[PDB]
């Protein structure tokens, strides 16, 4: 799960991490009041959407007086913000962050993230703040420090000195940044994060370091023990159908294609999408449903799959191991009751009582249910119906 810039920064403040003063605004009047309350003579007015690239998209404007705050907030709040990261449809802006303007002299890249191959944490830093870190790594590797942090020891001064070298920081500047990085590492660990990205991290003319932006991603498996992170969720930023499926115990991902699939187990579900492609059609979705799911759950899975009116065939591919295929077949028949659908359903059930299951489906005399037992035959039947 991802959170907004303003939410990351409130976490930072709650953990003693230096941050520019700022506050979220849900209306134009709230934006103006926030600027008044913050003081100074410069305020950034920022669209709050999860997607990056808000500046180029026109979602960040720097106001020099309270009329500009009012004007900018009116233009940004309610806009459809298009960035490179939103894609062309853009995203409706429903909240602003109002932040005091800093006197920026340097911008850096800083991220903390999981290194899967080494089973440890990486701290990535670059002198090239604001830029695309993948392009900087490819083109100019000497402007990047990639520092491997063994979690047994955690982040140490010696790791920091490597970051400070690549950022060209002097002794005292280095010490101040390294102190901030130690707090960010501790937060990353404490909140079960899997990505903390600050692009850019600014150094002010007064010698302070702040995150000008912040993108935090949290391990979905650990949200149960961080209720203060879970409550930050913004469902307008998440896919409604994926979320709805997950409420019913289903994992669903929408693709563009003509053959829907319903499968038990993520590996077999991916393999099912793969065989549809190999057969010369296109998978319309990933869906993992338990073979033991209730007919109610199966009925919800049918509902979700059939929303896509480009689908020409449903391929049910279920391996009943511990769960008997004959009971899966009965549940599919129950789940199709009172449904009005003109597309064929290929049902490949294999494993325990596979033969009985096929007998049950054949005996229903519902001729647009087409039972198969072997995977190869299943996929060939799907292909003939497309």
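Positions refer to the first chain, counted from 1.
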Averaging the C-alpha B factors as listed in the entry, name the stretch that ends up higher: 215-223 or 72-80. 72-80
Between 36-44 and 51-59, point out the one with the higher average CA B-factor as the PDB entry records it. 36-44
Looking at 125, 263, 104, 193, which one carries the largest C-alpha B-factor according to the PDB entry? 104
Of the options 151, 168, 267, 200, which has the highest CA B factor as deposited? 168
Compare the C-alpha B factor of residue 130 with those of the other modelled residues in its chain, then answer lowest, middle or highest third. lowest
Could you say whether, by C-alpha temperature factor, residue 342 belongs to the lowest, middle or highest third of its chain? middle
Among the chain's modelled residues, which third holds the C-alpha B-factor of residue 382? middle
Third of the chain, ranked by Cα B-factor, where residue 189 sits: lowest
Please say which third, lowest, middle or highest, residue 244 falls into when its CA temperature factor is compared across its chain. middle
